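Data first, discussion second: the structure below is written as structure tokens.
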Amino acid sequence: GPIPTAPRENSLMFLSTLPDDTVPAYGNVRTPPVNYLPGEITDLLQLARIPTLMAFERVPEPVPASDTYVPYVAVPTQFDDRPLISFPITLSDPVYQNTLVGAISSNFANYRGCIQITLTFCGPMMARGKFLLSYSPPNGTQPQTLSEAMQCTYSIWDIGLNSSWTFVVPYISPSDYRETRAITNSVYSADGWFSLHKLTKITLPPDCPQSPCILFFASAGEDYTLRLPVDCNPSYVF
Amino acid sequence: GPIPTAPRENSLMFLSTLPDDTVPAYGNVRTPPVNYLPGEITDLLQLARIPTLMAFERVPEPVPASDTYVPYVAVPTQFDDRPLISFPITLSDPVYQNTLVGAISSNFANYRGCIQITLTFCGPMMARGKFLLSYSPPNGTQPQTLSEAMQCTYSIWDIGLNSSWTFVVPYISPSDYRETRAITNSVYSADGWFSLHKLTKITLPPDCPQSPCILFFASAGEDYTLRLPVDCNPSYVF
Amino acid sequence: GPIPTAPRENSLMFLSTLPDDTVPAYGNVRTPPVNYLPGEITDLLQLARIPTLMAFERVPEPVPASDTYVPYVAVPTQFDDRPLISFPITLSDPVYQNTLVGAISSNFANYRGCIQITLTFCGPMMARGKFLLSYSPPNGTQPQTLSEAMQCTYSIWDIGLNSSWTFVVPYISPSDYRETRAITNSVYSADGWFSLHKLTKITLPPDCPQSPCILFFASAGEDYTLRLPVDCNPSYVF
Amino acid sequence: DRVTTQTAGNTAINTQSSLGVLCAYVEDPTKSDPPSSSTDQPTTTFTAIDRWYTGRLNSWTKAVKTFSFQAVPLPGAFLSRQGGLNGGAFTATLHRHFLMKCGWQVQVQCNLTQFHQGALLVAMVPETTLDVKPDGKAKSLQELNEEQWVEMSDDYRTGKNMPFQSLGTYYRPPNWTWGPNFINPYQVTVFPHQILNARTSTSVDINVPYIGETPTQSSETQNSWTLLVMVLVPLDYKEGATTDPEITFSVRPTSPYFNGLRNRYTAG
Amino acid sequence: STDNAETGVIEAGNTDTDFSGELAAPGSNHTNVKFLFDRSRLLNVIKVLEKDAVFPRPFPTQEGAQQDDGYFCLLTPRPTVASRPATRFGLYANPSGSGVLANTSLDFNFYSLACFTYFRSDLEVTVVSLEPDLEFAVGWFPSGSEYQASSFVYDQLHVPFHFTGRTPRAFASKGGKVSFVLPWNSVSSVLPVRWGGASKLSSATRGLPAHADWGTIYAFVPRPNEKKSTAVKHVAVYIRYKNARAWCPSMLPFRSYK
Amino acid sequence: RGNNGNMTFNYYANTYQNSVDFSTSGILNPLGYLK
Amino acid sequence: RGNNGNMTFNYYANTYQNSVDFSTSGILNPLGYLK
Amino acid sequence: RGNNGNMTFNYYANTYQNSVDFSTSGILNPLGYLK
Ligand SMILES: [Ca+2]
């Protein structure tokens, strides 16, 4: 006979994220095989690990072409005891906006793990020089001086045969996960700053272009993870 | 006691194609046996494989009987370097309209596999001659010349003791399935053309009728398959 | 937790013939035993097999008592080459109306198997005579002549020591089941006719009553079956 | 090979251009059992009815158009003697039984020449009413002779002209537009058939088993099989060649079962 | 390749028969008969009874007859007219005139793919309301049976006998639907898609089968005759073929070139 | 059995779903015998 | 099978859910044979 | 798996609940290889 049941208060509810299936309406359909297709992606982290270019406003001297954002930093010849460039370790910051790590990460609420900054020297091969890359966890005031940067996490990069240098921003946080978007500024959504200082000015022989450029890439480190899918920002269509 | 349940959002829905049964209202009924009945059909492909006649508009010279469509092609005596007849390999084309393959196929969205064209010479036995049947996959322009047809898939048929010739249109497609109906013309719903050229004019002895006719049949090849049942076109009743 | 369910389109429906139980409202009730009661009936066919009297309009010469229908046929003395009595093998015919076979059968849509007609001679024991009972499957015209009846299924019954004769109407049909009610006359609801002819006139000694009577009974044969319960005709109460 | 002689009773039909016998649905359409719907011992085959009966059809001429046809109802043709098809003892037995179940072996004969051209489609078609006029009456022998061949038309292609019951004055007469007994001329090759092509043979053979909506059927009204002869390619030849080739056919009832013996059928 | 179609048998070939290639692997089995017909489609739209009815009389029906038209639905893919079996299928191009417009039905989909002579299956019936918030019930009687007319009086209210009986009666909830499956119940073994016989020996219509159906359904309001309304209500009848089987290859309807 | 197609399960015990007699502790037979 | 994806359970017995013939006690075959 | 927490039962057969390719018969790998 009939099985007695007691439907719950949420009967007939439509839950967009319900972890279950619904009834098939047109089954017994066989599809063309996809074994011939290479390049299958299993997890978006596979793409977040691919380094992509960052973006910086071209030093107050833009090109007649509107929206003058560049993927590199030109190394000025004049000495100055402050960073050549610096940006916060806040994933929602515009410098990461168009990198895959940043774009993908903006679609989740949290991240855990290391971010990786990769630099590629694009000046002439005859050039020589050294740079000091540093990462400073939050402080009341952002460090500017070489003396200050040198007291944080840093590495000195030497220009030579090999063109690039990878710099892993350690995951130093009070919480096991951090906010992907700095809706409100806090120690959970803003984790300090990365900065690049020229250690010893670039040296060039005669008849060599000046101001060599350094390309910047960002990507997820090997232990980088994203959690909690969130609603997307549809503005890219406006 | 009562089992707690959570009816889903689509409760009470009536799905015309639901892959399941409904409650019996008048059961325990035994029916007269049907073992005595021969000719049982298990799959409609069994019928699509039976060749049936195609239809062509009788060369601009109809009979006083309206709707002058014929199942054959009369072989004219005058030389002309273009096809005696040709039609697209588009299952919704009128030439297949009343063949079983075409009629059955029009009730599904896709097909995969070979189509078979069968020709039967119905001229006198004293007649001799040769024909060139060809299939051309899509091209910007439909081939017309013997020289062009000869560069596609083709076979030369010799008239003699045996009256017929089967021609299998290979399944040459970018996709594993093709559209059964050319709602929009594309490489997925139109697959080129089949054409018949007279290779060497028909030769007859004196006192023999002229213009022998060739009957055309169409059917599903052995690897022919149909997928996705679609709504029928009820116009046959209007 | 709650089991997800998907109630169907026919939820809450009340089906008068649903092959299932409903909830008990006053259980744990023990009833007085019925072992003491003999005569239990398991199937109504057990009753349909019991022969009961048929009914005929008394030959255009009724008794002052309205509704003059009789369970017998008086054997007239005058010779006449046509049936003494005849009726169709159509279960809804009035001659079966009040027999158990007919009454029970009228409550189902179909029957399969043999019907049995039993005759009992009720004339004096000194009487002698012979009768020819015949069954004719459908024909354009109903047979009347002894010569015609004799070409169908028939048996010759001799009057003597034993008083009765059973006649089984064979089940001769195009379909495995036949209609119980001749709503529309067809080969599926009307199966010919049964008729009784006097073969050799009845012979009696002097001082013997004339016109002996023959009682008619109808019942289900051993292979008789009924299928599909239908709505009853409540008119017996009006 | 191409030369065969088929014997049945005191009958034998020969052909020297056989294409083989087309057997419908099963390898041996002759195997058949008694009907489960009749409890009386049936009358089965006896030598006087185990044979070929031969009759005539109207001649084929240059004027007959594509898709024009002739139909032979079975066992109807035996009952009306269409084409002179007198079924001897078979008809006599048929007329005396309410029910009859059987299959058929048929051969259509039509010789042409190596100088003629044209083709006839010969098929055994299940459940048709091609032998009836739209008014519901069966075509008489005279009507068949007057028309010779029935022309394919919108009515036949549509089933629009099949027999029907007039509704009565109570109803607005509707526009009849279609019928399930239509004929799609292009698909007649779906049925058990052979093609009689002037250039390949002078005969065709088809062998079909019993079929029906029920185990057995009314002798007087059944028409489960109909022999159909339809023009696919018009006849043609030069002056001097024999004109109007004739067409004949032979029919043999197979594994018959008769039930419900009674006096001869008499129309009501 | 060389052949002789006159034989009545032509083998299905493939690319490698005369050319060079291989067989294409099978993509589906959707042409399978059982799978193909196992889906619901619209059969007819009928009016809802609000009192005991008078079943339409047999043809030919003469003017002046008193009966209920457009209420009974014969369960069959075959053409029907005024709740009865038919041969020709008709409609009304000119709905203007005098006389009752006979209801007609046809399973359009079924016949577009019915390339066979006989068919058989069980039948799943679904009745959907075409009216807002309608409370109705469905009645059904077997092939070869008939509608039980008249009514009985309870508390001076007339209750049609179609409220009772031994056959299925399905009362839907307000705004609900009705659904159930019926077995092949005709006395015939199979249903003739096309037929060449006659159901009677005299004055019969050739080609008109007598019981090629799964019975008849009708809909009614669970209310006594007295509480009758004036606005006619309609209900849609859907059918689905279960465990379908087919026999003897045949043709598909002719498609006009005009 | 009766008009019941439920082969599977019986939620309520036999003594609740049905009534049963208290204790005092195919082949259709004829209803009449000639002796 | 037909258009049925229910592999699991059948609540109603086969003789109720379906009709069955009473007793009287892949590979697609051709519908025609040339002999 | 996907966003599915149903470990228990699957009422509809795999070929109905999902589509499957017809036959023609943790560890995240790189999408690029330097050779
Ligand atoms: Ca529930």
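For the structure tokens, the naming scheme is as follows: chains receive sequential letters (A, B, ...) according to their order of presentation, residues are indexed from 1 within each chain, and ligands are indexed from 1 in presentation order.
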Could you list, as a ChimeraX atom specification, all the residues within 8 Å of ligand 1, counting only C-alpha atoms and all ligand atoms?
/A:5-7 /B:5-7 /C:5-7
How about saving the chosen residues, N, CA and C atoms kept, as an mmCIF file, in the first residue's frame?
data_model
loop_
_atom_site.group_PDB
_atom_site.id
_atom_site.type_symbol
_atom_site.label_atom_id
_atom_site.label_comp_id
_atom_site.auth_asym_id
_atom_site.auth_seq_id
_atom_site.Cartn_x
_atom_site.Cartn_y
_atom_site.Cartn_z
ATOM 1 N N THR A 5 4.256 9.585 4.236
ATOM 2 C CA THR A 5 5.355 10.538 4.125
ATOM 3 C C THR A 5 5.008 11.832 4.835
ATOM 4 N N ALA A 6 6.026 12.643 5.086
ATOM 5 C CA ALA A 6 5.832 13.921 5.748
ATOM 6 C C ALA A 6 6.665 14.979 5.034
ATOM 7 N N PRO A 7 6.145 15.524 3.926
ATOM 8 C CA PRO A 7 6.923 16.547 3.222
ATOM 9 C C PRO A 7 7.307 17.714 4.129
ATOM 10 N N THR B 5 10.098 13.707 3.509
ATOM 11 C CA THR B 5 10.413 13.884 2.095
ATOM 12 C C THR B 5 10.543 15.357 1.761
ATOM 13 N N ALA B 6 11.137 15.638 0.610
ATOM 14 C CA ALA B 6 11.314 17.008 0.161
ATOM 15 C C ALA B 6 10.972 17.091 -1.321
ATOM 16 N N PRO B 7 9.677 17.200 -1.647
ATOM 17 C CA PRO B 7 9.319 17.285 -3.065
ATOM 18 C C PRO B 7 10.033 18.433 -3.776
ATOM 19 N N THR C 5 11.849 13.863 -3.450
ATOM 20 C CA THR C 5 10.831 13.175 -4.238
ATOM 21 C C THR C 5 10.334 14.067 -5.358
ATOM 22 N N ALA C 6 9.661 13.459 -6.325
ATOM 23 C CA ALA C 6 9.116 14.198 -7.451
ATOM 24 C C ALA C 6 7.705 13.697 -7.734
ATOM 25 N N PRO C 7 6.715 14.198 -6.983
ATOM 26 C CA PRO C 7 5.347 13.737 -7.236
ATOM 27 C C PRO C 7 4.924 13.943 -8.689
#
I need the strand (DSSP E) residues of chain G per DSSP on the backbone, written as a list in words.
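Restricting chain G to strand (DSSP E) produces residues 20, 21, 32, 33 and 34 of chain G.
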Could you list, as a list in words, the residues of chain F having an atom within 10 Å of chain A when counting only C-alpha atoms?
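Output check: residues 4, 5, 6, 7, 8, 9, 10, 11, 12 and 17 of chain F.
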Requested write-out: C-alpha atoms of the selected residues, as a compact mmCIF listing (two decimals), in the first residue's frame:
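result_11.txt was written with the following content:
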# COMPACT_ATOMS: atom_id res chain seq x y z
CA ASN F 4 -4.20 -5.81 -6.21
CA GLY F 5 -0.97 -5.49 -8.16
CA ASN F 6 1.25 -4.65 -5.22
CA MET F 7 3.78 -7.49 -5.09
CA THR F 8 6.45 -5.50 -3.27
CA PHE F 9 5.67 -4.12 0.20
CA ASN F 10 3.00 -4.04 2.93
CA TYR F 11 3.52 -1.13 5.31
CA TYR F 12 0.79 -2.04 7.80
CA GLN F 17 -4.71 -3.81 7.06
Extract, using only C-alpha atoms, all DNA, RNA and protein residues at most 12 Å from residue 27 (chain G), discarding same-chain residues fewer than 5 positions from it, and format them as a compact mmCIF listing (two decimals) with N, CA and C atoms, in the first residue's frame.
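Output saved as around.txt:
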# COMPACT_ATOMS: atom_id res chain seq x y z
N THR B 42 11.12 -4.55 -35.76
CA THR B 42 11.76 -4.17 -34.50
C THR B 42 12.30 -2.74 -34.54
N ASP B 43 12.80 -2.34 -35.70
CA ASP B 43 13.40 -1.02 -35.87
C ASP B 43 13.02 -0.45 -37.25
N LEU B 45 14.68 1.22 -39.17
CA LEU B 45 15.79 1.17 -40.11
C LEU B 45 15.58 -0.02 -41.04
N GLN B 46 14.86 -1.03 -40.57
CA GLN B 46 14.61 -2.20 -41.40
C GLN B 46 13.84 -1.77 -42.64
N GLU B 222 24.04 0.15 -45.14
CA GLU B 222 24.06 -0.68 -43.94
C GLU B 222 24.52 0.02 -42.65
N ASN E 29 19.87 4.14 -31.56
CA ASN E 29 18.86 3.12 -31.82
C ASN E 29 17.48 3.77 -31.69
Show me, as a ChimeraX atom specification, the residues that have an atom within 10 Å of region 191-195 of chain E when counting only C-alpha atoms, minus same-chain residues fewer than 3 positions from it.
/D:126-129,179-182,212-214,222-224 /E:76-79,87,110-111,114-121,184,186,188,198,206-209,211-214,246-247,250
Restricting the output to N, CA and C atoms, write the selected residues as a short mmCIF file (atom, residue, chain, number, x, y, z; two decimals), in the first residue's frame.
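Saved the output as result-v4.cif:
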data_model
loop_
_atom_site.label_atom_id
_atom_site.label_comp_id
_atom_site.auth_asym_id
_atom_site.auth_seq_id
_atom_site.Cartn_x
_atom_site.Cartn_y
_atom_site.Cartn_z
N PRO D 126 -0.70 -5.76 -48.37
CA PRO D 126 -1.61 -6.09 -47.28
C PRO D 126 -2.69 -5.06 -47.00
N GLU D 127 -3.87 -5.57 -46.64
CA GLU D 127 -5.04 -4.79 -46.27
C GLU D 127 -5.41 -3.57 -47.12
N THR D 128 -5.84 -3.78 -48.36
CA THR D 128 -6.24 -2.65 -49.20
C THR D 128 -7.71 -2.74 -49.60
N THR D 129 -8.21 -1.64 -50.15
CA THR D 129 -9.59 -1.57 -50.63
C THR D 129 -9.55 -1.07 -52.07
N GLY D 179 -7.08 9.47 -46.10
CA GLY D 179 -7.56 8.17 -45.65
C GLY D 179 -6.39 7.25 -45.40
N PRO D 180 -6.47 6.37 -44.39
CA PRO D 180 -5.36 5.46 -44.09
C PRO D 180 -5.08 4.42 -45.18
N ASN D 181 -6.03 4.22 -46.10
CA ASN D 181 -5.83 3.26 -47.17
C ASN D 181 -5.25 3.89 -48.43
N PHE D 182 -4.55 5.01 -48.26
CA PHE D 182 -3.92 5.70 -49.38
C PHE D 182 -2.85 4.83 -50.04
N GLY D 212 -3.31 -11.05 -40.70
CA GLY D 212 -4.64 -10.58 -40.39
C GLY D 212 -4.67 -9.98 -39.00
N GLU D 213 -5.71 -9.21 -38.70
CA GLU D 213 -5.84 -8.59 -37.38
C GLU D 213 -6.26 -9.62 -36.34
N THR D 214 -6.63 -10.80 -36.81
CA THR D 214 -7.07 -11.88 -35.93
C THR D 214 -6.52 -13.20 -36.47
N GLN D 222 -12.86 -10.94 -46.00
CA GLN D 222 -11.43 -10.66 -45.86
C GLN D 222 -10.75 -10.25 -47.16
N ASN D 223 -9.70 -9.45 -47.02
CA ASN D 223 -8.89 -9.02 -48.15
C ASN D 223 -7.54 -8.59 -47.60
N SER D 224 -6.87 -9.52 -46.92
CA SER D 224 -5.58 -9.22 -46.32
C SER D 224 -4.47 -9.06 -47.35
N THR E 76 -7.81 5.85 -30.28
CA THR E 76 -7.22 5.22 -31.46
C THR E 76 -6.42 6.21 -32.26
N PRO E 77 -5.36 5.75 -32.93
CA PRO E 77 -4.59 6.70 -33.73
C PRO E 77 -5.33 6.85 -35.07
N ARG E 78 -6.20 5.89 -35.37
CA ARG E 78 -6.99 5.88 -36.61
C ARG E 78 -7.95 7.07 -36.68
N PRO E 79 -8.40 7.41 -37.90
CA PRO E 79 -9.33 8.54 -38.04
C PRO E 79 -10.62 8.22 -37.29
N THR E 87 -13.07 5.99 -41.67
CA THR E 87 -12.11 5.59 -42.68
C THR E 87 -11.48 6.87 -43.20
N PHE E 110 1.63 9.50 -35.32
CA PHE E 110 1.61 8.06 -35.55
C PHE E 110 1.60 7.73 -37.03
N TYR E 111 0.66 8.28 -37.78
CA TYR E 111 0.60 7.97 -39.20
C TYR E 111 1.77 8.48 -40.03
N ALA E 114 3.89 5.44 -39.35
CA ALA E 114 3.27 4.13 -39.36
C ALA E 114 3.48 3.40 -40.69
N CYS E 115 4.71 3.00 -40.95
CA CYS E 115 5.03 2.29 -42.18
C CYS E 115 4.88 0.79 -41.96
N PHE E 116 3.72 0.39 -41.46
CA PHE E 116 3.43 -1.00 -41.19
C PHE E 116 1.92 -1.20 -41.19
N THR E 117 1.49 -2.45 -41.29
CA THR E 117 0.08 -2.76 -41.36
C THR E 117 -0.63 -2.97 -40.04
N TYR E 118 0.04 -3.62 -39.09
CA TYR E 118 -0.58 -3.89 -37.80
C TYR E 118 0.24 -3.32 -36.67
N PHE E 119 -0.42 -3.03 -35.56
CA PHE E 119 0.24 -2.42 -34.42
C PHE E 119 -0.43 -2.87 -33.13
N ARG E 120 0.32 -2.89 -32.04
CA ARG E 120 -0.26 -3.25 -30.75
C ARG E 120 0.57 -2.70 -29.62
N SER E 121 -0.10 -2.32 -28.54
CA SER E 121 0.59 -1.79 -27.37
C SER E 121 -0.43 -1.52 -26.29
N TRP E 184 -4.12 -3.36 -23.78
CA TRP E 184 -4.73 -3.59 -25.09
C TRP E 184 -5.98 -4.40 -24.70
N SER E 186 -9.05 -4.66 -26.94
CA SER E 186 -9.92 -5.03 -28.05
C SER E 186 -10.00 -6.55 -28.19
N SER E 188 -9.74 -7.97 -30.95
CA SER E 188 -8.81 -8.25 -32.05
C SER E 188 -7.42 -8.46 -31.46
N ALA E 198 -14.22 -6.18 -43.82
CA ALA E 198 -15.55 -5.66 -43.51
C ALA E 198 -16.02 -6.36 -42.23
N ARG E 206 -16.38 -1.32 -46.38
CA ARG E 206 -15.07 -1.93 -46.57
C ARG E 206 -14.00 -1.03 -45.96
N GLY E 207 -13.03 -1.64 -45.28
CA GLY E 207 -11.95 -0.88 -44.68
C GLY E 207 -12.21 -0.26 -43.32
N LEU E 208 -13.43 -0.40 -42.80
CA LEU E 208 -13.78 0.18 -41.50
C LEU E 208 -13.77 -0.87 -40.38
N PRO E 209 -12.69 -0.91 -39.58
CA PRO E 209 -12.60 -1.88 -38.49
C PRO E 209 -13.60 -1.57 -37.38
N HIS E 211 -13.46 -2.72 -33.98
CA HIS E 211 -12.93 -2.52 -32.63
C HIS E 211 -11.45 -2.19 -32.56
N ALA E 212 -10.98 -1.39 -33.52
CA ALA E 212 -9.58 -0.99 -33.56
C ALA E 212 -9.38 0.19 -32.60
N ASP E 213 -9.47 -0.08 -31.30
CA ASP E 213 -9.34 0.97 -30.31
C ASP E 213 -9.06 0.41 -28.92
N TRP E 214 -8.75 1.30 -27.99
CA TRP E 214 -8.46 0.93 -26.61
C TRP E 214 -9.64 1.34 -25.73
N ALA E 246 5.05 -3.74 -33.96
CA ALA E 246 4.50 -3.49 -35.29
C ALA E 246 4.79 -4.64 -36.25
N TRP E 247 3.90 -4.85 -37.22
CA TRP E 247 4.05 -5.93 -38.20
C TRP E 247 3.70 -5.53 -39.64
N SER E 250 4.75 -1.26 -44.57
CA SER E 250 3.80 -0.57 -45.42
C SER E 250 4.27 0.85 -45.70
#
Within 10 Å of region 19-22 of chain F, counting only C-alpha atoms, which residues show up once you throw out same-chain ones fewer than 5 positions away? Write them as a ChimeraX atom specification, please.
/C:26-35 /F:14
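The interface of chain E with chain G at 8 Å, considering only C-alpha atoms, consists of residues 7, 8, 9, 32, 33, 34, 35, 36, 38, 39, 122, 181, 183, 184, 242 and 243 of chain E.
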Dump N, CA, C and O atoms for the selected residues as a compact mmCIF listing (two decimals), in the first residue's frame?
# COMPACT_ATOMS: atom_id res chain seq x y z
N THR E 7 14.59 -8.52 -58.69
CA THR E 7 14.58 -9.64 -57.76
C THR E 7 13.68 -9.40 -56.55
O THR E 7 13.09 -10.34 -56.01
N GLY E 8 13.59 -8.14 -56.12
CA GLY E 8 12.79 -7.81 -54.96
C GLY E 8 13.65 -7.73 -53.72
O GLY E 8 13.15 -7.49 -52.62
N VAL E 9 14.95 -7.94 -53.89
CA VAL E 9 15.91 -7.89 -52.79
C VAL E 9 17.20 -7.17 -53.20
O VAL E 9 17.87 -7.58 -54.14
N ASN E 32 14.19 2.37 -33.02
CA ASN E 32 13.63 1.21 -32.35
C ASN E 32 12.14 1.50 -32.12
O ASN E 32 11.77 2.51 -31.53
N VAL E 33 11.29 0.59 -32.59
CA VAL E 33 9.84 0.77 -32.48
C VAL E 33 9.32 1.02 -31.07
O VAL E 33 8.55 1.96 -30.85
N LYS E 34 9.74 0.20 -30.12
CA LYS E 34 9.28 0.36 -28.75
C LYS E 34 9.65 1.73 -28.19
O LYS E 34 8.83 2.42 -27.58
N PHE E 35 10.89 2.15 -28.41
CA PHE E 35 11.37 3.43 -27.92
C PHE E 35 10.71 4.62 -28.62
O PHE E 35 10.34 5.61 -27.98
N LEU E 36 10.57 4.52 -29.93
CA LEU E 36 10.00 5.58 -30.75
C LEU E 36 8.57 6.00 -30.39
O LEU E 36 8.29 7.19 -30.22
N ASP E 38 6.96 5.38 -27.63
CA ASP E 38 6.80 5.53 -26.19
C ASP E 38 6.92 6.99 -25.73
O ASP E 38 7.85 7.36 -25.00
N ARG E 39 5.99 7.83 -26.16
CA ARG E 39 5.96 9.24 -25.79
C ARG E 39 4.54 9.77 -26.01
O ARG E 39 3.86 9.34 -26.95
N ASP E 122 0.07 -1.16 -25.11
CA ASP E 122 -0.80 -0.78 -24.02
C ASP E 122 -0.91 0.73 -24.23
O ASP E 122 -0.14 1.30 -25.02
N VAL E 181 -2.50 3.97 -17.15
CA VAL E 181 -2.25 3.17 -18.34
C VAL E 181 -3.31 2.09 -18.46
O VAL E 181 -3.78 1.54 -17.46
N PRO E 183 -4.62 -1.50 -20.70
CA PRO E 183 -4.07 -2.61 -21.48
C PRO E 183 -4.77 -2.71 -22.83
O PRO E 183 -5.88 -2.19 -23.00
N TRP E 184 -4.12 -3.36 -23.78
CA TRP E 184 -4.73 -3.59 -25.09
C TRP E 184 -5.98 -4.40 -24.70
O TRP E 184 -5.86 -5.48 -24.13
N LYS E 242 2.73 2.09 -24.98
CA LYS E 242 3.67 1.32 -24.15
C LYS E 242 3.90 -0.07 -24.72
O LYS E 242 2.95 -0.76 -25.09
N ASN E 243 5.16 -0.49 -24.77
CA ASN E 243 5.52 -1.82 -25.28
C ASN E 243 4.98 -2.03 -26.68
O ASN E 243 4.45 -3.09 -27.01
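From CA of residue 58 (chain D) back to CA of residue 76 (chain D), the distance works out to 17.3 Å.
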Please provide as a PyMOL selection string all residues within 8 Å of residue 195 (chain C), with the sequence filter that same-chain residues fewer than 5 positions apart are discarded (counting only C-alpha atoms).
chain C and resi 83-87+133-135+149
Taking only C-alpha atoms into account, what are the residues of chain D at most 7 Å from chain C, put as number ranges by chain?
D: 36-40, 98-99, 214-218, 260-263, 265-268
Please report the interatomic distance between CA of residue 178 (chain E) and CA of residue 130 (chain E) in Å with one decimal.
13.0 Å
